[PDB]
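Okay, so here's just one chain, in structure tokens, the form deposited in one PDB entry.
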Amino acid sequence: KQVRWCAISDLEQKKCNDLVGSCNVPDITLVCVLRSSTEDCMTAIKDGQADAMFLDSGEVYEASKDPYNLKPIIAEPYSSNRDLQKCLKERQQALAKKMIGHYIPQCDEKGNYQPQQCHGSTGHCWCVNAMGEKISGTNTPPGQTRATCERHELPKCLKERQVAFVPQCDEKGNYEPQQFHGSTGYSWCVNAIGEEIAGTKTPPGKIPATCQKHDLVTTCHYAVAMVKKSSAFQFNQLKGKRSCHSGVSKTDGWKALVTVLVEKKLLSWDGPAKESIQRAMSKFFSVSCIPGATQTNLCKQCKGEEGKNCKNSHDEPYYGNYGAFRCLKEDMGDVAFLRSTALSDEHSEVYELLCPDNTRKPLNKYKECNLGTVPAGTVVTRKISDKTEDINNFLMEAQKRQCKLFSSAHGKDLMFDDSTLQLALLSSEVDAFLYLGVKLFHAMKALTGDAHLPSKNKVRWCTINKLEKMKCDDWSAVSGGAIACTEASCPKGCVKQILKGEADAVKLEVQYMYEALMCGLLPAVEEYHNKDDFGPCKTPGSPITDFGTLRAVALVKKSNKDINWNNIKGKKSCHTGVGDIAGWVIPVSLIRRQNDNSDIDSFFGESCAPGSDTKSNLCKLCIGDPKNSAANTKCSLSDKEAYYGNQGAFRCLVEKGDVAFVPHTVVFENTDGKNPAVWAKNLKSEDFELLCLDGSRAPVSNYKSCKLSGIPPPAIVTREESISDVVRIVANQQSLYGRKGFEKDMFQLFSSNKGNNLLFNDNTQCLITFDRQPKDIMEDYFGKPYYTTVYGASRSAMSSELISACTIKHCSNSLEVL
């Protein structure tokens, strides 16, 4: 097997061939393909001439589009997970330097930093926090009483909980995004470290601002503007100056600067629709070196010879952060835009930093004087990912064998950023959007000029299969411009489309709502399913007696008078299926919050929960159908498991188990002769009962009171800015095509000939506008009992790539005392 790495320059080719000769990965052969620039390597990968390369984050979005169509696959984790056992990696890397007397970080058995660190060759010791950051002032020489280093095993929120406001924390001890004051009614949002965001203070009785989840990144890199102390201009006087940039497509040399110039209104630019960003920048600076730029004056200062001048390549001596520094040093520019990785103390004598507040500060003040944070780059390959396995196996084996991937005598930041500690395989789900995150993806999209201009009068409805797409096309065809259709492969894909600005609304079952609410989407309308009362549909806003929701109940046989909610442990159970809300989510959530987290084996006896491990206690009661009893078909999440679903779990209770976990309708749907099957033909609803949380039992008609939990209705989600419009247009369309629509003979919102339950559940009576209450949206939508039961009333109850991409990563301020 081969992995063709694409190099952009002679120096990168030399490092790549050094790795070819020195790094022995069995069964995988490294091959180096040479191109003249970053973009020519991207093209070679697109064409199948190379396999992988490393890209700046500022390039990921552009790389994901024509004419490249590349995706991130392998990268260093840009989150607080970069610090999980980081001591071990820094220890391996320091020992890899093979320098005599060099300081080697000391870790414990778990891989964490020892609170006291020592430089063995000098006898000096100091204290570090759990992140490996030096506590200020704790360095002592040998022979002197040492500073006492504290373990500080509790997080900041849990340590503030020791003090007696009341900062609600999650289970890991981190701050909750939403903070609510108990004495008053004011609620606000915090920033992972426990500091309030401006604009989130909401008085009681007002709709609270939805808080985004935050994650603290320890070691951050920043885009800075470096100048000489000999000059005297300020940031507001940049127009007409000569500049050196690391690269036209890099965040540390272009995109952060462009963002700041637009925000400060220093750059005359009418937007990407009227003028390219490069065109506007070429009239802002007079003669610059900006590798890759297509404006000639932005290449005049570059030093490369014929054919190499202004190339995105180390063949251009002014390319990259150190090349832009060389350009500034050799006086070919008045300012250099570069990443803070190229700052050093040796440069603090001659050079300083130009800050966007029109001041100048020392180099050590880069956290206080920068143009934004720079996320880590990433290895990319073709979207079709035919070589991802090979690239990953090669890189992981090379890291395990400690090959010199992240350093070279030929130069700095060749092939990879030298600051890379460890590369890890990304999930195949990760694309440019998930890698950059919501805000950054949108900013890159807007800078490129692909930003969708919103329409207040049209709703782009997202579909999850071809039949939904056909039904939506019908709807759009009779909608008079009010409805358009987009296509995705699953509800999460639609949620992503909405977050990216490619769609506007989608219906989501409860399973998907947590994620959706985590990412800042809100319910516009909800499916109303009460078939006995059309009032709230005919007269929108009229009072509601029952929304038609399903209630999750624990059904028993009345004869077995020994089953109570307290002695459920050990009894035989019946479930509709793993993942189902009434059949699985709510029962197991209640059990785990009342006993120890142990549903597999350590609670029930023999059960039949389809989809579980075939050789487990939760699969003994399951029986397949004798139509093909040769195959197992036991615990199959399908019709072949006779105990799968509502009728399945009821049959399980009938023939095997003691208690069934089902929606309240199952016993009524299957008893009283309403089921023509052989079983339940003589079954009565009065022959069963339901278990209550207080240990009591109640008749099957008491499901509204004696229930395990309520279940929220399916919700149509959209972005906040679209709520009104969506609520309006749906309403209009309902009055046309709902169950009593004026033109119901032309189209039906809640039925179709193309299939069943497309876009909405066919049993939907209508869609009712969500009435937002002055509370947290998680509680407001789920109901406080459901929220508290299945998510602990916490924003940290689930992890996913989407939730990560919706999590804001941010950096500290300056000092590291404690």
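Counting begins at 1, following the sequence as shown. In this text, rigid core is short for the largest set of C-alphas that superpose within 1.5 Å between two forms.
Form deposited in another entry: not shown, discussed below.
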Considering only 719, 361, 445, 146, which residue exhibits a C-alpha shift of no less than 2 Å between the shown form and the other one, with the rigid core used for superposition?
-> 146
In that other deposited form the CA atoms of residue 81 and residue 796, compared with here and shifted by at least 3 Å, lie closer
Evidently the Cα separation of residue 96 and residue 391 changes by 3 Å or more in that other deposited form, so the atoms lie closer
